[PDB]
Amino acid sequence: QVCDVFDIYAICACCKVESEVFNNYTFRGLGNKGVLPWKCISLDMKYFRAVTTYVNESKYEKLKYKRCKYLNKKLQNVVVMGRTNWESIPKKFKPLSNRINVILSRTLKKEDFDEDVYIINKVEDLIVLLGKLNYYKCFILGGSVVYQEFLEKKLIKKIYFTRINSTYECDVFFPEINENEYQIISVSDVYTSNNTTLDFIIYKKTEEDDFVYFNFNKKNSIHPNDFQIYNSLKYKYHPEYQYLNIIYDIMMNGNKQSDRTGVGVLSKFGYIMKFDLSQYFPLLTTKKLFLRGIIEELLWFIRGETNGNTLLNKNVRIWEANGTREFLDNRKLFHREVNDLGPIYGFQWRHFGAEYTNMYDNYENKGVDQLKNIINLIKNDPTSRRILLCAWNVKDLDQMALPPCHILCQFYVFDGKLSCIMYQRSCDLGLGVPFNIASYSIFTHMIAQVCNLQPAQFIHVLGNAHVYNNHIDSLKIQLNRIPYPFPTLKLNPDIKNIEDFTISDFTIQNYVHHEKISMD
């Protein structure tokens, strides 16, 4: 194949388009009025320059042989542009440096250009030219017209595709990719550049003995084909893979166990995930999540409330099952009013060590206001190793509707940035953990803002990590979905106190996600 001999690749950047169901075609905006739809995304420019300029000397002779054999016979890449594309580039950036420049045109000829460029009036002439040049790889840089004809002709080996996770006015579009001709093989980390998130995906046309020696000493009824898309990917660098890889590990290596609930689980013990909150908001994209409930739940914690009715009256049902007459009696809380959850999170955060009475009592200035103390440590003693918020009050556990899953939060401050570790004793990977990542990520943003810091890392440590048997088929589906670039979280910047946030102070922007799943 011509694309394999001549190593012809496409590289593009696509945004979302002004016009909700999401698919790969969501990212299709290329240009507007003969220029880019966006002002400048410097990180995509950096990636573009590195990919289109990189060559490997030592690998060239193998390519020279391949092309010689097919034809019967500093190193640079070739870059090919449409005439309209060429005319969009600033004079100061043209011809593209350290690359062989090729322009496709009928209306213009070599006499129309001052620059060191090749003009070709036919695609077939590109193939003849590549045959005559010494070069590493050939990158098609666009036009929409140019992409459309090179894909149509099956002359593209791989598409290096930037997903720009923001919406702009566009008048030219990247062609809809055919899933039977091209499949994603690699997905990068998520980044922020110029107030947008983005990632980089790759579509593909559809001493060593000592290592084996040290391997001389190498469970569950999971089938290979069950994870075909998941295991087809070469580079899984998107941070959502920290979640998906743990699910995979428990399904393949997990220990079959009963639990408190009767469903039985697969379980393992001890994991860590790390999310860079400076670069993205880690709301899972491989299924739909809504945050209104978990934001109302965090605001209720911060107020120190234990009254379940406060959440039910906001149509948030997260704690409804744990406040029922039946549930409280099964906990031996016979003298507890329905939806009186006892001295759970909010109470421990604002009043640790106070005697719990009922959900209506005024606990002002009783027990330890841990939340206030950690905000004061972050502001006045930021190098403190003692900046911890702890919900696990051993004395009060049997008075709680249930003992907390999120044991503690520890904070770390360096160079004006705030990082948070949350330790979770018990982690429902299918249902709970996706919400728990979002909760503590929002909380990190809130604590950073009220202490005049920038959020850095949310670090999630999982103790007993389990998949419920009734979630296994739903997670097999989810694991074969390719994550989308993450959204971003914005807070009202006028909020200066932890107690002053309300639901309208939080916006999730650019959330692109796969379809809702019922885990059950």
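Take the two forms, superpose them, and find the largest set of C-alpha atoms that agree within 1.5 Å; that set is the rigid core. Residue numbers here begin at 1 and follow the sequence given.
Superposing on the core and measuring CA offsets in 8 other deposited structures of this protein, the stretch of 83-91 and 106-114 with the greater mean deviation is 106-114. Of the two segments 340-348 and 115-123, the one whose CA positions lie farther from the displayed form in 8 other deposited structures of this protein, once all are superposed on the rigid core, is 115-123. Note: missing coordinates for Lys74 occur in a third or more of the other compared entries bracketing this position. Per the records, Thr502 is modelled in every other compared entry, just as the shown structure includes it, so no third of them leave it out. According to the entry, the deposited sequence has no residues without coordinates between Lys122 and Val123, so the chain runs continuously there. Per the record, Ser504 and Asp505 are directly connected, as no deposited residue between them is missing from the model. 221-229 and 283-291 differ in mean CA B-factor, and the higher of the two is recorded for 221-229. Comparing 84-92 with 237-245, the higher mean C-alpha B-factor in the PDB entry belongs to 84-92. Out of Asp340, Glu320, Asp381, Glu176, the entry records its largest CA B-factor for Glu176. Of all the options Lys153, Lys417, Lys332, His445, the entry's greatest CA B-factor is assigned to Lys153. Per the PDB record, residue ranking by Cα B-factor puts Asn307 in the lowest third of the chain. The deposited CA B-factor of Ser58 belongs to the highest third of values across its chain.
Sorting the modelled residues of the chain by their CA temperature factor places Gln454 in the middle third. When the modelled residues of the chain are ordered by C-alpha B-factor, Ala391 sits in the lowest third. Sorting the modelled residues of the chain by their CA temperature factor places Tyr484 in the middle third.
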